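Structure 1 and structure 2, given next as C-alpha cells, are two forms of the same protein chain, each shown alone.
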Structure 1
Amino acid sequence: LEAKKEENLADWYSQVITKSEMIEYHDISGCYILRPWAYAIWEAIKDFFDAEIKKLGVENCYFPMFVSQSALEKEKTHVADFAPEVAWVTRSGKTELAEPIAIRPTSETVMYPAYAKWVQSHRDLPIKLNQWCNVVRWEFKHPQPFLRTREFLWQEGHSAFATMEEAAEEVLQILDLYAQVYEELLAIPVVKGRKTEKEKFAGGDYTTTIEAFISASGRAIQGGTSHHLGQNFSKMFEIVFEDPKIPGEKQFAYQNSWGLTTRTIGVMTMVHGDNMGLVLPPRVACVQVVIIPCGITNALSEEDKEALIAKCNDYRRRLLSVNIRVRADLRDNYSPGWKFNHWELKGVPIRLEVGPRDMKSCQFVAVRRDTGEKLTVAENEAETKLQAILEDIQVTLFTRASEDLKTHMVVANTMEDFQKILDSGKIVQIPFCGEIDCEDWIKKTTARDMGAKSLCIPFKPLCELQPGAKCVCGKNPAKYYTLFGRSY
C-alpha cells in the first residue's frame, strides 16, 4: 500500500481497511459502513458462536431496544446509575411527540422487567437468551473503526438461574467460546482472566475477560467479557421465585451477562495484517481460494481461452465439493497481475494460478498469502493439497501470534522493572495489592515516565506469587499477579 505498518500504524490501518473494501466512512462519526468483506467475517464468527451457545441451551430472540419515559418516571423498570447516555427521540418530523422515546438505554432496562414477568415458579428456570443487534455510544476521542467505535455490531447474552453454581458454570463456558473465537477462528492467542475491582462491571459481582495483545502499537485489547451479576439485578427488578426446599421465603435469581463485538475484526487486522495489506485466517475468510487464469496473451487462441476457463471452473466445482470457499476471477477487464494484487490486499489465503503451460503438464500453482510461498500442485491432488495448505496457514498465523504473546508478556517484580519493560512496548504481569487507588496511581505514574491499565488477573499467571512479595506500590502486600499494559 502507501503506508508501512511499522512506520505509521494509524495510516496503515486506515488504508488497509478501506482498500480491502471492508469499511466505508459514513456521514456520521464513529459510525461506518460494514461492507460484505468485513461483514462476512462477522457472519463466520456469528455462525460458529451461535452454534456453540445453542448446545448450551441459549436461544435467540429480539428485544425492541427503545423505551418510553412513561415507563421510567413510573418505575416499571429502572435506569442504573453507572449508565450514560440515554439519547431521546422527541420529534416525528417537526411535530413533538406525545410519548418521546429513549434509545438504547441499557439491555437491562428493557429485558429484566420481562424476565421478572416470565419467572413465576422454579420451573420457569433457567432463562437463557441471546440477541444479535447493534449498539450506539455517544462519547469519543478519535474513533478508530472496530477498536474504539461509537457504533458497532455485537451479541449479548442474558441468563437467569435458580442457583449460583449454574450461573458460575455458564460464565466460564461462554468465556471459553470467546477464547475459541479468537484462538480458533481468528488464530489470535488470548489471556483468560478476571478483572480487578476497578475495571470490573459495576452492576455485577465479578467480570471475566479475554485479553488479546497487539505488538504493533505495543498495546493490549479486551476481546470479550462474561459477567456474573449475582442477585444485584434480580433484587433491583424483583426477578423472584420460591423453592420448596424452603417453602418459604422468596429467593432471587442469579444472573449473567456476556457480549462479543465486531472489534474482533480490528484485532484480526492489526495482528495478522501485512505491508501488502489484509491477511485473513482461512477459518473466517469469505473466500479462502481465488482461482486466477494466468498467461493470457493478445496472441492467445480462442479455443484455448475457452479451455483455460473450463479448467478454472473444473477446479472451482471440485473445491466446492470439499467445502472450500472458492472464487474464480474470470474477468476480461483486468490484468491477472491486477487480480493478484487485488486479492492479495484483501488477504485471500490461497491464490490458485491456472496457466496453459501448467495446464499442459496437467498441474497448477497455489500461492500462500502469509509466507508468499508458491507450490506447484498436481491437478489430481487439488482437494487434499489445498485443504492441507489452508489448515497449515491457520496454524502458522496462530503460532506466529502466539510467539509474540510469550515474547511481549513478561514478569516484573518491582516498579522500576515494570516501567522499563512497559516502555519497551510489552504488557506486564506484576504483584498487585488489588486496590483501586493503587490502580489509579499506577496509571498516573506510568504515563509520564499514556498510562498502563489493568487488563485481567490471569487464571494462570507465569509465576507463583511468593509469600511476603510486595505490590509495586510498596505500601501493601501483593494479593495476586496482575496483567498490566497500555490498552485500547
Structure 2
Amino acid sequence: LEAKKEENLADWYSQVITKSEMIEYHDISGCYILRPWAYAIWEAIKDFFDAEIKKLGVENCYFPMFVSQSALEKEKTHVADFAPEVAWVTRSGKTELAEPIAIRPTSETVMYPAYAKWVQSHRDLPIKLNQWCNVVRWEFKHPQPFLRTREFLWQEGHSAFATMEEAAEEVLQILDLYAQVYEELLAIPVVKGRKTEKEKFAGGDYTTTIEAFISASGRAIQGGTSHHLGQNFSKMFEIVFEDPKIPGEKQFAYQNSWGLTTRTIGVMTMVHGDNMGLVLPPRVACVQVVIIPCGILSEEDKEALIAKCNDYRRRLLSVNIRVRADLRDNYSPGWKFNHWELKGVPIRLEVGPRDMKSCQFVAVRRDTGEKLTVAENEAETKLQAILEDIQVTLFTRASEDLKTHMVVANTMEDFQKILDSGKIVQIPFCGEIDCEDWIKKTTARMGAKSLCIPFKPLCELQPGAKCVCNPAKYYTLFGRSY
C-alpha cells in the first residue's frame, strides 16, 4: 500500500480503511458502509459492554427514530446551536405531511415523556435503560469515516434515580466501563476527566469523559461521555413520584445519560495503524489466527496439506480462538500474507509440507513481525500466549506515546511552545468561559480547546496559583482536537 503514516495522515487513513475492507463510500455525503471486517469490531465492543451493563441492572430496549415537531422544542432540551444538525422528514411519497417529523439526533426528547408516564411512585425507580441504535447528525464540520459521521451507530443509556447518591455512582461506573473498552479491548490509553462550562452538555449538571490522543495528527479525541443530569430534565418533563413518608413534596427524579459510538473503531485504527495496513488488538480482531499453507509438483499430499489446516482450525476453536483457514488456491501464499496483513490479523500461521512432517508450523505476529516455531502439540497453549503479549505490547507502546506526549505547562508562552509541538498539555485554568474562548484564539495567532479536567491531574495545583489573570481552579488538559 502507498502511504506511510508520518506523511499525510488523512490519505493514509482513507487508504487503510478502504484497502482493509472496513469501509465503503456511499452516494450520500458523510455516510459510510461498515463492511464485515469493521462491523465485527463493533460487535465485539458491543458484546463486552452489553455483558457489563446487565450486571448493573440496565436492560436493552428500542425507542422510535421519529420525534414530533411539537415534542422536540416543547422543552429546552438542547441549545439553539443544535437546531441545524436535525434532519427533518417532510414528505411521505409525495403527499406532504401535515407536520414535520424529525430523525432522532439523540433520544432524550423521545424517552423522557415515557419515563414520566412510567414513574408514578417510589416503586417505579430506578429506571436503567439502554438501546443500541443509529442516530443522524447533520454534522456541520466535515466528516471522515468513524471519527465524525452524519449517521452513526452508538449505544445511549438513560437511567432515572430517586436519590442523588445512586445517580452520581452510576455516572462513574459507566465511565470506568468506557475506559475499560478503550484500554482492555482496544488497547488505547485514556484520560478520565470532566468538561468545563463551555464544553459541558448545557442541559445537565456535569459531564464526564474519556479522552484519547492520536500522536500522528497530534489531536485528542473524546471517546465517550457520561452525564449526570440531576433534575433539569426531571422537572422539565415532569418525572415526579410522591413518597407517602414525605407528605406533599413533588419529588423529581435524578437522571444520567451516557453514550459511546463507532468513533471507537476510528481511534483504534489511528493509534495502532502502521504503513503495512491495519493493526488489530487481538481481543477485538474478528479473526485472530489465519491459517495458510505454504512451504516457505507433488499431488496427493496437497489435500493432506489442506486436511491438516482444517485440523489446526478445529483444534483451537475448541480453545475458543477465532480462526479462519485461507484455503483459496487462486492466490499465491505471498499474496495472502500481504492481504491479511493489510487487514491487521494478529497471528499468521504458515504450514508447509516440509514443515508439516517436521510436526510443526511457524507463526508470525502482526505487532513486531518476527517469526517463531512452536510444537504442533503445543499449539493451543502457545498460540493463545502469543495473542496476549500482542495485546499488552500494543497497550504498552501506545501508553508510552501518551506518556511522552502529555506534559505540564505553567506559563502561556510555553504552553504555546509545547502545544505547537503537537502535544497535549495540562494548564492551571480559571474555568470560566471567556478565559477559554480566548485561549483558543491566542493559540491560533486551529486552536487549543478544553479536552478535560483530569480526575488525576499530573501535578497538584498549589494554593493561590493563577491561570492567565482570577486564580486557577484546577489543572485542565488542553489541546487541538477533532
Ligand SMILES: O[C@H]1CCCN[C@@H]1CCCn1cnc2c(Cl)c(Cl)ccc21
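Residue numbering: sequential along structure 1, first residue numbered 1. For clarity, a rigid core is taken as the largest C-alpha set superposing within 1.5 Å between two forms. Shifts are known only where both forms have a C-alpha.
J.: Only one of the two shown forms is the form deposited with this ligand bound, so please name it by number.
T.: It is the second structure (the form deposited with this ligand bound) rather than the first.
J.: To test your reading of the superposition: with the rigid core aligned, which of 72, 179, 168, 382 moves its Cα by 2 angstroms or more between the two structures?
T.: None of the others reach 2 Å, which leaves 72.
J.: Can a Cα shift of no less than 2 Å be assigned to residue 85 between the two structures, given superposition on the rigid core?
T.: Yes, because once the rigid core is superposed, the C-alpha of residue 85 moves 2 Å or more between the two structures.
J.: After fitting the rigid core, is the C-alpha of residue 140 off by 2 Å or more between the two structures?
T.: Yes, the C-alpha position differs by at least 2 Å between the two structures.
J.: Rigid core aligned, does the Cα position of residue 100 differ by 2 Å or more between the two structures?
T.: Comparing the forms between the two structures, which are aligned on their rigid core, residue 100 does shift its C-alpha by 2 Å or more.
J.: Could the core-superposed CA displacement of residue 321 between the two structures be given in angstrom, to one decimal?
T.: Residue 321 C-alpha displacement between the two structures, core-aligned: 0.6 Å.
J.: With the two forms matched on the core, what distance in Å separates the two CA positions of residue 243 between the two structures?
T.: For residue 243, the C-alpha ends up 2.1 Å from its position in the other form.
J.: Can you list the runs, three or more residues long, in which each C-alpha shifts by 2 Å or more between the two structures once everything is superposed on the core?
T.: Runs found: 67-88, 97-102, 139-142, 243-245, listed by sequence.
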